[PDB]
Every structure is written in structure tokens, then in C-alpha cells.
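K.L.:
Please see the structure below; I have some questions.
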Amino acid sequence: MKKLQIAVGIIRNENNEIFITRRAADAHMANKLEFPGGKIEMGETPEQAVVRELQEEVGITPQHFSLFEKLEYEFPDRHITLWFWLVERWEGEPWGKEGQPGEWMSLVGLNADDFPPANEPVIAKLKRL
Ligand SMILES: Nc1ncnc2c1ncn2[C@@H]1O[C@H](COP(=O)(O)CP(=O)(O)OP(=O)(O)O)[C@@H](O)[C@H]1O
Ligand code: CON
Ligand SMILES: [Mg+2]
């Protein structure tokens with residue numbers, strides 16, 4: 001009976017290096033690629049919302065955010081959303097990981113093979129990148 005959106009917007013920028021939570025510790029698996037949440041709500045548009053949710057987390061400036069696409073996972077009583085504002089040129093350090101680690105990830109044109117099926121609706125598009 002509620003709804004919420006997430007102004008994450010992965011941030012690939014070395015070639016396709018996103019600041020995604022990439023198993024900081026050496027993991028035996030490789031599907032630990034979630035998405036730097038942030039919760040869009042500030043202002044009243046995915047711009048001031050994600051952009052302001054961008055600085056409020058780390059504290060950089062650039063990043064050249066871009067929509068690219070977004071999903072909407074529906075739950076029994078949880079209407080969630082997840083704006084994927086993909087950026088590609090942050091200053092020195094990135095900025096987006098919510099309560100997650102968020103770390104540069106040398107993936108290479110995402111494939112969804114390293115990302116969990118949970119965010120299937122958007123990971124399907126990264127696959128194309
Ligand atoms: N993909 C997802 N699946 C399920 N729940 C999600 C989700 N993305 C976000 N949520 C949940 O929905 C809540 C959104 O409410 P908000 O309080 O507006 C977030 P927030 O506290 O403003 O931002 P924050 O993400 O920086 O903590 C989050 O606390 C999160 O737990
Ligand atoms: N910005 Co929050 N209140 N679920 N940590
Ligand atoms: Mg936030």
C-alpha cells in the first residue's frame with residue numbers, strides 16, 4: 001500500500017567501470033552486482049532528486065548523469081521503483097552507493113551474468129549497454 005523510487009543511476013566510467021557493490025572481499029560467486037541506491041525524492045524531478053541524492057552521499061560534482069532507463073519491481077505490498085541514471089564522468093571519486101559499498105567494477109558492457117536476477121528488468125538493458 002505504498003510506493004518509493006530509488007535514484008541510483010549506476011556510474012560506469014573507465015570503459016564500463018561502475019561504482020557498483022562488487023564483492024569488496026574475494027567472493028567465489030560473481031552475481032554480487034546490485035545498484036547504488038539513493039532514493040529519488042528531493043526537489044520534484046529525477047534531476048534534482050538523483051543529482052541532489054548524488055552529492056548528499058559522497059560529495060563529488062561531475063558524473064554527467066543520464067537516464068538510460070528504469071524498472072519498477074512490484075511486491076505483495078511494496079511498489080518499488082529504481083531510476084537508473086547512468087553517469088560516466090565523476091570527479092576523482094564517484095558518488096551513488098546508498099548504504100552499500102559501491103566500488104569501481106571493471107565489468108565490460110554489463111551482461112547480467114554478474115548482476116542478480118532481482119533487478120532483471122533493468123539488468124536486461126545493461127546487458128546491451
Ligand atoms: N529495489 C528496492 N527493493 C525494495 N525496497 C527498496 C528498493 N529500493 C528502495 N527500497 C526501500 O524503499 C525505501 C525508500 O524510502 P526513503 O526513506 O525515501 C529512502 P531514503 O531513506 O529517503 O533514502 P536512502 O536510500 O538514502 O536511505 C528505502 O528505505 C528502501 O529500503
Ligand atoms: N536516507 Co534512508 N533514512 N533509509 N538511511
Ligand atoms: Mg540517498
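Chain lettering (A, B, ...) mirrors the order of the C-alpha cells, residue numbering begins at 1 for each chain separately, and ligand numbering begins at 1 in order of display.
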Produce as a PyMOL selection string the set of residues near ligand 1, where near means within 10 Å with only C-alpha atoms and all ligand atoms considered.
P.N.:
chain A and resi 2-8+34-42+53-54+56-57+71-75+78-83+96-100+118-119
K.L.:
When you count only C-alpha atoms, which of these residues is closest to residue 106 (chain A): A:22, A:128, A:70, A:64?
P.N.:
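Result for the nearest residue to residue 106 (chain A): A:22.
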K.L.:
Pick out the closest residue to residue 113 (chain A) from this set: A:31, A:63, A:13, A:21. Count only C-alpha atoms.
P.N.:
A:31
K.L.:
If we count only C-alpha atoms and set the cut-off at 12 Å, which residues sit around residue 127 (chain A), ignoring sequence neighbours fewer than 4 positions away in its own chain? Please answer as a count of residues only.
P.N.:
15
K.L.:
Run DSSP on the backbone and grab whatever in region 15-81 of chain A lands in strand (DSSP E or B); send it over as a VMD selection string.
P.N.:
chain A and resid 17 to 18 22 33 63 66 to 71 74 79 to 80
K.L.:
Calculated over only C-alpha atoms, which of the candidates A:48, A:86, A:103, A:76 has the smallest distance to residue 129 (chain A)?
P.N.:
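Residue with the minimum atom-to-atom distance to residue 129 (chain A): A:86.
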K.L.:
Considering only C-alpha atoms, state which residue in the set A:58, A:33, A:50, A:124 is at the smallest distance from residue 17 (chain A).
P.N.:
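Among the listed residues, A:33 lies closest to residue 17 (chain A).
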K.L.:
Work out how far CA of residue 19 (chain A) is from CA of residue 102 (chain A), in Å to one decimal.
P.N.:
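Spanning CA of residue 102 (chain A) to CA of residue 19 (chain A) is a straight-line distance of 4.9 Å.
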K.L.:
DSSP says alpha helix (DSSP H) for which residues of region 1-59 of chain A? Put them as a list in words?
P.N.:
residues 46, 52, 53, 54 and 55 of chain A
K.L.:
Using only C-alpha atoms and all ligand atoms, can you tell me which of A:77, A:61, A:51, A:66 comes closest to ligand 3?
P.N.:
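Residue with the minimum atom-to-atom distance to ligand 3: A:51.
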K.L.:
Under the rule that only C-alpha atoms and all ligand atoms are counted, which of A:67, A:24, A:60, A:49 is the nearest residue to ligand 3?
P.N.:
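For ligand 3, the nearest of the given residues is A:49.
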